[PDB]
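Shown next, in structure tokens, is the structure this report addresses.
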Amino acid sequence: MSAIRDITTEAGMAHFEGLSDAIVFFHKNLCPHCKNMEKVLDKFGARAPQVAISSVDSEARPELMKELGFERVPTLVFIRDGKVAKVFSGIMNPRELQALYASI
Numbered sequence: 001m002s003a004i005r006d007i008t009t010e011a012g013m014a015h016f017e018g019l020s021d022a023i024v025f026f027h028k029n030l031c032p033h034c035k036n037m038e039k040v041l042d043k044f045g046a047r048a049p050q051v052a053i054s055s056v057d058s059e060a061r062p063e064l065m066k067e068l069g070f071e072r073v074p075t076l077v078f079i080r081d082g083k084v085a086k087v088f089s090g091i092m093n094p095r096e097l098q099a100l101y102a103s104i
């Protein structure tokens, strides 16, 4: 129902271009807001077992977030069909995570 932890070795474009479904939450150790994303992604994964949610430690891979299109507040990135279908920077709730996901 949850897998939220760094997957830098499975988050490169080289296999992300060949995946079917993947979610990755970008974050930093110095971040009050990043907490909320864990709480809501837990309840999302528990309602969406077929998709896997990990994190990425963006502070220790600042080029990976940059090439994936961003450099800002905590960000949710969504892979579908062997490409990035969404990049969302900012806060969400689980009910809206479900709606965003189901819309992709």
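With the authors' numbering applied, the sequence shown covers 1 to 104.
Just so you know, even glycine gets a beta-carbon here, dropped at the ideal spot from N, CA and C.
Determine which residues share a DSSP beta bridge with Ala22 and list them. By 1-based counting over the sequence shown, the position of residue 22 is 22. In DSSP, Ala22 forms a bridge with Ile79.
Rounding to the nearest angstrom, what Cα-Cα distance links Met37 and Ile79 in this structure? As a working note, residue 37 is residue 37 in the sequence shown. As a working note, residue 79 is residue 79 in the sequence shown. If you take the alpha carbons of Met37 and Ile79, they lie about 17 Å apart.
By DSSP, does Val40 sit in helix, in strand, or in coil? Numbered from its first residue, the sequence shown carries residue 40 at position 40. In the structure shown, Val40 sits in a helix (DSSP, three-state: H, G or I).
Local Cβ density within 10 Å of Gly12, reported as buried at 16 or more and exposed below that: In the sequence shown, counting from the first residue as 1, residue 12 sits at position 12. With fewer than 16 other Cβ atoms within 10 Å, it is exposed.
Contact the stretch 3-12 vs the stretch 50-62: 3+ CB pairs below 8 Å: yes
Identify whether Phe88 lies in helix, strand or coil by the three-state DSSP scheme. Locating residue 88 in the sequence shown gives position 88, where the first residue counts as 1. If DSSP states are grouped into helix, strand and coil, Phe88 belongs with the strands.
Over the uninterrupted beta strand (DSSP E) stretch that includes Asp6, give me the two end residues. Start at 1 with the first residue of the sequence shown, and residue 6 comes out as number 6. Segment: none, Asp6 is in no beta strand (DSSP E) and carries neither H nor E.
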